[PDB]
Every structure is written in C-alpha cells, then in structure tokens.
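These notes are about the structure you will find just below.
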Amino acid sequence: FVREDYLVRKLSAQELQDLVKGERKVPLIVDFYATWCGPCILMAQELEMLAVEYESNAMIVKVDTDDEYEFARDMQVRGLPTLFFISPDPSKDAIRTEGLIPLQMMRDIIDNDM
Amino acid sequence: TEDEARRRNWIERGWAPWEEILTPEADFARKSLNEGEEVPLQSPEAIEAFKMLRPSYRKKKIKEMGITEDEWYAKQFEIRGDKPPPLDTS
Amino acid sequence: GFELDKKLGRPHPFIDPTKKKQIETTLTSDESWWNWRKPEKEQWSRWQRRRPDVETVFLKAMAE
Amino acid sequence: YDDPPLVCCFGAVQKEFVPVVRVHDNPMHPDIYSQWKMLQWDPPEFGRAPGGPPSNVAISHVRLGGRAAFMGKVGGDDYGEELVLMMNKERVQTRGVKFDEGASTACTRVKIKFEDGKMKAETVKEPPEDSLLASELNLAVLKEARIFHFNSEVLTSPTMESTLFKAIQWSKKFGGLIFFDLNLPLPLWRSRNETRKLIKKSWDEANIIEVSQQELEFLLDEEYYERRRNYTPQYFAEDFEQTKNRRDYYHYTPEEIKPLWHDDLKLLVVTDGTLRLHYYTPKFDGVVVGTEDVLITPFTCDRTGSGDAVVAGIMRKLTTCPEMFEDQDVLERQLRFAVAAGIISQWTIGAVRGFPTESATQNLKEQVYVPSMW
Amino acid sequence: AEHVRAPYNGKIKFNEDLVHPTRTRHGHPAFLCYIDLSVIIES
C-alpha cells in the first residue's frame, strides 16, 4: 500500500558473491560506501536516481565497508566512493571508478560498456 | 543546647574543627563581613587583613619580624587551638 | 614647527612632543589589591579587534 | 619567477574520493542518509580532518593566496576535461597535466576472481590518473616549483612510483623541497610492517612530512598508545589535571618519533584534526593548540577536505616565511593560520566548494586567538 | 548614585592615611572618604 522510499539494496559479501557467480542479464553496479563518509551522501542520491532511470535494465546494489571491510580490500577498493560496473557477459572485465562521477558518466558506461 | 549538639556532631557525625589555611583575600572576606556591608573597618583584625591584601605589605611585615619568606609560608600551616596532654608511655 | 601648525590648523600632534612626559612607574601587581591586578594570561574578549568602518579606510587613503 | 613561489602537486586529480578508510563502530541507518550528518559532528578519529587527492591541496593553496601547478595525467574524454576545467577555474596551472586520448578518466579495468571461496579483483589496466610516465614530466614546473607535494596513493601504482622518484630527483636537483602528505589509502592499513617497507623509500626522500595522529600511531605501535589512553589510576590521580578526565592530547616525545626520523627531514607535523598540531624539527618540538566547531552549523558541516586545507595553509606560510624552520615562536604563529583554514573548510558541504580564502582565514585566526598569539 | 570617571590617563595620587578602609557591596576593597580629599592624576 505504501511504496518503499529506497530502491538500491544493501548486500552482504556472501550475497554479492552468489549474485556475481549466478547468471545475469542486466548490468550489475556495485557501490561501496560508509555512513561516516561525507561524499557518500551525495553518491547515495545519484544512485537512487540511476535506479529510477534504469528500472529493470540494470541492477544497483551497495555494500557497506564497515561491515565488509576485508571484502572491499580484496576487491581493490582504495577509497570511497567506489563503483563497480559488472557486465552480464562473463568474458568482459569489470570497470572500477573512483570519486563522485557525474550521473551522465554512469549512463555512458552502462549503455556503451555494459 | 550548643554543647550537646557539638558533642553529638563529633561522636555521631565525625565533626572536627580542621584548620582552614586561607589566602589573604579569603582571610579578609571573613574578618570584614562580620562588621557590615559598606562600613569603615574598625576591628584591628579586619584592618590588618585589609593591609595584608597587598603582598608588598606582607614582605615588609616579614622583614620587620626577621624571618624569611618560606618560614612565614610554613607558619600558616600550623595546628591551631590547644594541644593534647603529652603522651606518657610506661 | 609646532605652535605654528597648531595655530593654522595644519596636521600636528594633539600634544606637543617636547612638552610630553612619561607616567613614571605604577603599581606592579605586588602593591595592588587582587581586583586591580592584570591577569597573567591575556583573556579572549570578542571585542579584541578594532571595528572596521569607512573613516579608517578613507583616512589611510588620504595618508598615502 | 613571480611571487609567491610556485608549488607543485603530484598525483591523481579526483573529485572527492576520501582515501583514508578504516572500520567505524557507530554506523547510521544504511538507507536514510539524512542521519549521516550526525557522523560529521561525531566523526571517527581517523576522519576528524580527512585528506584527499593532491588536486585538493593545489586548489586550496591557490585560494589561500599561493600559486600552484598540478602534475598528472587524465584521459581525453569529457570527464577529463571537467577535471581540468575545474583546476583552470581555480587558477591552478595545468601545463603539467598530460592527456591520454586512449584512456577513460577515473576508470580502471579489473578482473573478478573467486579464489579460495572468496571474491577478489585484480587490475588489468590502470586508469590514466595512475599512468603518468617519466618522459611526460613538465621540467619547467619542476624547475620553478619550490615545494613538491605528493601523497602515498601514488605508491599503490607501479607506474606512478617509478615516475614519482624521477620527479623527486629533478625537484631536488633544482632545490625544491619535498612534501610527503601520507594520507594512507585503504590497502596500506592492513599491516604495519608491509606499509613501513612500502613507504620507507618515499619517507626518506621527504623534507616535510604531514601525518595524522592515527597514521603515526599505526606506523609505530597502535596497541601501545591505545593502552596508554585507556589507563586510569586505581586510587588517586598523579596531578590535579588528571582528575578532570579531559580528552587525551598526548604529545609524542622525539625519542618515540626517532624510528621515523632521518637526516634530510626538516619538519614533521602530526595533526589531531584541527585540535592539535604537533610539530617536530631537528632542534625543537612542540604543539599548537587549535579548536573545531562543526556544531555551529549542523546542516552544512562536512569535514571532507579539511586535511587538505591544513596542508595548503602550511605550504602557504612555508614558502613566504622561510624562518619557520628555525624559529619556534614564528613557526607556532604561522601554524595557527593553518588551523584556521582547516576550521573554515569544515563548514561547507564539499571539499573544493568550501576551501577558504586568505582574508577569511586571517580574519578567523584573529577572532579565535588572543592578540598576543597572532 | 554617581560615578566619578577619570578624565585622563595617568597615575592616581592621594594620601591613603586620610581615608578609611572598607569592603564594597561587590566584595572589593576600597576606601571610605569622609572629607574633601584631593586626588591627583598626572597625565
């Protein structure tokens, strides 16, 4: 009866691993964030807008570094905010971005590289 | 009366008239406020306490007594009142 | 020099430097009561800076 | 060469991107980011005055009245132009910025593996930000610049590390001072021994080093100082001040710092946010008392970039007041300028957006400190 | 009541033996003057 206010789901490292190992058809965007990081407030609003634009044509998820610190380090996260763009084609390699990139830049990566 | 209450405070509540080593400002406050609010100080204690508000006057007073400054600093940490009867251990 | 600038209204010190004297020596915090002693450390005030105004800026520009 | 003297910032130009990431034990709601500002005014200790990319220092240095040039590489795409247009707007020299038309700015190609039942990534192609070559260095900048500034983020890239030490050689040949602003990224917090080996070569080349309190304790012994802070006398305090249960502002002795000291080091600064600036020279040491007030503006406070403003304020005064290295009283007065710059930087959302000007910083310094400390 | 303010900077000069010590209602030491005391400020 009441629509939820937030579209981006928070996933554990174990849940994210199964999502990556499993079969996917849409691009997978993974956000690493922390509630204490100031720029993550700005990034959180951009990814919610990106989820609205890509209703079912993309899957937007987020991972907290306070809960999955070891997982983030193994994923080569050097700082926050960090985004991973994972293609549904298993041969293509993922794209890792750093910093508050513009919303249009995210769309170009998803459309042209994902 | 004000003899049993004092004894009661000593025995039941552990009262003792412990020495209070006051600064010249604190010593002047207690001696002057007993006279009034804004009045000419008349008692010799409050008049002397008014003079002692200046450390320069204290140094002049100390020299006239022939003692050093540190000795005067030690004389203020002295037990006041009467002394107990000296011990006689047999 | 002085007393001619003063007569004409030309710029000059308000007090003649020749007829200007020091204020000797005053109480040095040991001959003073507690309420008249200078604090050992300077105290923050919120009034410690001079208020800016138009007059200060114009006077400096006219001085140059 | 015009005045003020030029400064060069070396590394990657990024928008925001806080590098120093550790684990905090007080998380807010994972979705309601309106609660996250409460962590800006009760921050983790490693995030009290966070640093950032070297481009933040260059921008902040120019706003404080200095002149700065950025040395690095961006891609030939649209986001690369936006970063360059950001630094040109802030009047940062960009002749030292090289374009790589075949790369995408701030984009790293990585491959995902599933080693020992866990998900890991490995770098396939580094971004243009971490791919500046030695032949691409602008030697006119390195000749003119009096301070060469870089962070430890360049040590995470094999290409930049080789390029970094060629830039240092040229800068020293031309008499420039080397400023190492540590700002340890996430990987370098894993273990003390691996990090000390990784940074030792760059540590020895530096004439000026700025580290946070957390970084310094991590490099020496993290558990010893944590135990030291948590000690409470069992029966009575050793002095009256210990009874007040005040915050710990421990000043490290120069003998504790000795494992990190070398011959060419002129000034070591340890920052406890903007609250304390511990300084160490070959001749003397001491602490500058500062302050912070983010609760004065609870809805616009943001600590990101305040570490860069402090570093920029230090470089602003070092270039124009060379006697800071030898005079302790002069050094303390000039470091209070850096404290004021850090305070203002915490009053605005966004690092670049909130960097203060010189006159605003000078005004705050005179308002906060009594006139005898100016 | 009326407050007398110093018209110039300078050094106060008077004979403290002509006045009587007192404590004010603000807790400060002061002197009570029962005569026409002459106080000098050397500016």
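The chains in the structure tokens are called A, B, ... from first to last as shown; in each chain the residues are counted from 1, and the ligands are counted from 1 in the order shown.
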Applying 8 Å and only C-alpha atoms, which residues near residue 23 of chain E remain after dropping the ones on its own chain fewer than 5 positions away? List them as a JSON list (two decimals) with N, CA and C atoms, in the first residue's frame.
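The result, stored in around-v6.json:
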```json
[["chain", "number", "residue", "atom", "x", "y", "z"],
["B", 32, "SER", "N", 36.10, 40.97, 57.46],
["B", 32, "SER", "CA", 35.43, 42.22, 57.15],
["B", 32, "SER", "C", 33.91, 42.07, 57.10],
["B", 33, "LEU", "N", 33.41, 40.93, 56.62],
["B", 33, "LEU", "CA", 31.97, 40.74, 56.51],
["B", 33, "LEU", "C", 31.26, 40.62, 57.85],
["B", 37, "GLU", "N", 28.21, 45.78, 55.72],
["B", 37, "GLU", "CA", 28.23, 45.68, 54.27],
["B", 37, "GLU", "C", 29.16, 46.70, 53.63],
["B", 38, "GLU", "N", 28.93, 47.99, 53.85],
["B", 38, "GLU", "CA", 29.81, 49.06, 53.37],
["B", 38, "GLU", "C", 30.01, 50.02, 54.53],
["B", 39, "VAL", "N", 30.96, 49.69, 55.40],
["B", 39, "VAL", "CA", 31.22, 50.46, 56.62],
["B", 39, "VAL", "C", 32.72, 50.59, 56.80],
["E", 28, "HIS", "N", 34.80, 44.15, 46.80],
["E", 28, "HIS", "CA", 36.12, 44.71, 46.55],
["E", 28, "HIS", "C", 36.59, 45.55, 47.73],
["E", 29, "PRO", "N", 37.89, 45.55, 48.02],
["E", 29, "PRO", "CA", 38.44, 46.53, 48.95],
["E", 29, "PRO", "C", 38.37, 47.93, 48.35],
["E", 30, "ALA", "N", 38.18, 48.92, 49.22],
["E", 30, "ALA", "CA", 38.12, 50.31, 48.79],
["E", 30, "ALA", "C", 38.36, 51.20, 50.00],
["E", 31, "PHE", "N", 38.20, 52.50, 49.81],
["E", 31, "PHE", "CA", 38.33, 53.48, 50.87],
["E", 31, "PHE", "C", 37.04, 54.27, 51.01]]
```
Residues of chain C within 7 Å of chain B: nearest atom pair and distance (Å, one decimal) for each, counting only C-alpha atoms, sorted by chain and number, as a tab-separated table?
```
residue	atom	partner	partner_atom	distance
C:30	CA	B:55	CA	5.4
C:31	CA	B:56	CA	5.1
C:32	CA	B:54	CA	5.7
C:33	CA	B:54	CA	5.7
```
- Query: Near chain C, which residues of chain E fall within 12 Å when you count only C-alpha atoms, and what do they look like as a ChimeraX atom specification?
  - Reply: /E:8-13,23-24,26-30,41-43
Polymer residues at most 7 Å from segment 18-20 of chain E, only C-alpha atoms, same-chain spacing of 3 or more positions, as a list in words:
residues 40 of chain B; 15, 31, 32 and 33 of chain E
Next, write the just-selected residues to a file, as a PDB file, in the first residue's frame, keeping N, CA and C atoms as the atom set.
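Contents of the output file again_36.pdb:
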```pdb
ATOM      1  N   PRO B  40      33.158  51.618  57.535  1.00  0.00           N
ATOM      2  CA  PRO B  40      34.585  51.724  57.873  1.00  0.00           C
ATOM      3  C   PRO B  40      34.996  50.566  58.770  1.00  0.00           C
TER       4      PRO B  40
ATOM      5  N   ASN E  15      46.619  60.581  49.591  1.00  0.00           N
ATOM      6  CA  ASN E  15      47.119  60.075  50.866  1.00  0.00           C
ATOM      7  C   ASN E  15      46.131  59.043  51.399  1.00  0.00           C
ATOM      8  N   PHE E  31      38.195  52.502  49.809  1.00  0.00           N
ATOM      9  CA  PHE E  31      38.333  53.484  50.872  1.00  0.00           C
ATOM     10  C   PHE E  31      37.040  54.271  51.013  1.00  0.00           C
ATOM     11  N   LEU E  32      36.695  54.607  52.251  1.00  0.00           N
ATOM     12  CA  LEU E  32      35.578  55.493  52.541  1.00  0.00           C
ATOM     13  C   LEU E  32      36.117  56.888  52.823  1.00  0.00           C
ATOM     14  N   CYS E  33      35.572  57.883  52.132  1.00  0.00           N
ATOM     15  CA  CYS E  33      36.049  59.257  52.215  1.00  0.00           C
ATOM     16  C   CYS E  33      35.016  60.097  52.953  1.00  0.00           C
TER      17      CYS E  33
END
```
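Residues within 8 Å of residue 347 of chain D, counting only C-alpha atoms and excluding same-chain residues fewer than 2 positions away, are residues 294, 297, 300, 301, 302, 303, 343, 344, 345, 349 and 354 of chain D.
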Find the residues around segment 76-89 of chain A up to 8 Å (only C-alpha atoms counted), leave out those fewer than 3 positions away in its own chain, and share them as a PDB file with C-alpha atoms, in the first residue's frame.
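For reference, around.pdb as written:
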```pdb
ATOM      1  CA  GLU A  23      23.567 -15.927 -14.286  1.00  0.00           C
ATOM      2  CA  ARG A  24      22.834 -12.269 -15.017  1.00  0.00           C
ATOM      3  CA  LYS A  25      21.234 -10.487 -17.959  1.00  0.00           C
ATOM      4  CA  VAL A  26      21.367  -6.809 -16.912  1.00  0.00           C
ATOM      5  CA  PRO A  27      24.465  -4.780 -15.945  1.00  0.00           C
ATOM      6  CA  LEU A  28      25.390  -5.008 -12.262  1.00  0.00           C
ATOM      7  CA  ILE A  29      26.510  -1.827 -10.481  1.00  0.00           C
ATOM      8  CA  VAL A  30      28.043  -2.260  -7.018  1.00  0.00           C
ATOM      9  CA  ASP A  31      28.503   0.720  -4.691  1.00  0.00           C
ATOM     10  CA  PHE A  32      30.943   0.712  -1.778  1.00  0.00           C
ATOM     11  CA  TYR A  33      30.018   3.289   0.842  1.00  0.00           C
ATOM     12  CA  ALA A  34      30.215   4.161   4.523  1.00  0.00           C
ATOM     13  CA  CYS A  37      31.937   9.361   4.626  1.00  0.00           C
ATOM     14  CA  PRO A  39      30.797  12.248  -0.178  1.00  0.00           C
ATOM     15  CA  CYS A  40      28.760   9.039   0.174  1.00  0.00           C
ATOM     16  CA  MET A  43      26.670   9.427  -4.152  1.00  0.00           C
ATOM     17  CA  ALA A  72      36.273  -4.332  -0.015  1.00  0.00           C
ATOM     18  CA  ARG A  73      40.066  -4.520   0.274  1.00  0.00           C
ATOM     19  CA  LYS A  92      34.230  -8.798 -20.333  1.00  0.00           C
ATOM     20  CA  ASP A  93      36.142  -7.362 -17.384  1.00  0.00           C
ATOM     21  CA  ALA A  94      34.542  -5.090 -14.804  1.00  0.00           C
ATOM     22  CA  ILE A  95      35.073  -1.330 -14.622  1.00  0.00           C
ATOM     23  CA  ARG A  96      36.009   0.286 -11.305  1.00  0.00           C
ATOM     24  CA  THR A  97      35.521   4.035 -10.889  1.00  0.00           C
ATOM     25  CA  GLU A  98      36.652   6.393  -8.133  1.00  0.00           C
ATOM     26  CA  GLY A  99      35.139   9.650  -6.924  1.00  0.00           C
ATOM     27  CA  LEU A 100      31.847  11.480  -7.388  1.00  0.00           C
ATOM     28  CA  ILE A 109      29.382   3.315 -19.063  1.00  0.00           C
ATOM     29  CA  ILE A 110      26.167   1.305 -18.690  1.00  0.00           C
ATOM     30  CA  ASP A 113      30.344  -0.670 -21.957  1.00  0.00           C
ATOM     31  CA  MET A 114      27.647  -2.756 -20.230  1.00  0.00           C
TER      32      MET A 114
ATOM     33  CA  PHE D  17      37.386  10.355  -3.072  1.00  0.00           C
ATOM     34  CA  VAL D  18      38.439  10.171   0.588  1.00  0.00           C
ATOM     35  CA  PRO D  19      41.399   7.733   0.562  1.00  0.00           C
ATOM     36  CA  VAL D  20      41.702   7.006   4.296  1.00  0.00           C
ATOM     37  CA  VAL D  21      39.166   4.249   5.032  1.00  0.00           C
ATOM     38  CA  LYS D 120      38.696 -10.815  -5.343  1.00  0.00           C
ATOM     39  CA  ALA D 121      39.678  -8.404  -8.101  1.00  0.00           C
ATOM     40  CA  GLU D 122      42.942  -7.869  -9.970  1.00  0.00           C
ATOM     41  CA  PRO D 185      44.666   4.620   1.358  1.00  0.00           C
ATOM     42  CA  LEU D 186      42.628   1.588   2.389  1.00  0.00           C
ATOM     43  CA  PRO D 187      45.139  -1.143   1.341  1.00  0.00           C
TER      44      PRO D 187
END
```
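Distance-wise, atom CA of residue 8 of chain B and atom CA of residue 27 of chain B end up 28.8 Å apart.
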Check: What lies within 12 Å of residue 50 of chain C using only C-alpha atoms, ignoring chain neighbours under 3 positions off, as number ranges by chain?
Finding: C: 45-47, 53, 56; D: 363, 366-367, 371
Please save C-alpha atoms of the selected residues as a short mmCIF file (atom, residue, chain, number, x, y, z; two decimals), in the first residue's frame.
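Output file part_31.cif is given in full below:
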```cif
data_model
loop_
_atom_site.label_atom_id
_atom_site.label_comp_id
_atom_site.auth_asym_id
_atom_site.auth_seq_id
_atom_site.Cartn_x
_atom_site.Cartn_y
_atom_site.Cartn_z
CA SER C 45 37.18 39.14 24.54
CA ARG C 46 35.25 39.12 21.21
CA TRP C 47 35.99 42.86 21.38
CA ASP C 53 34.50 51.44 9.25
CA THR C 56 39.55 54.21 8.81
CA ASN D 363 40.04 37.01 9.97
CA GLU D 366 42.45 36.92 14.80
CA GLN D 367 38.93 36.24 16.10
CA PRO D 371 46.14 39.23 20.03
#
```
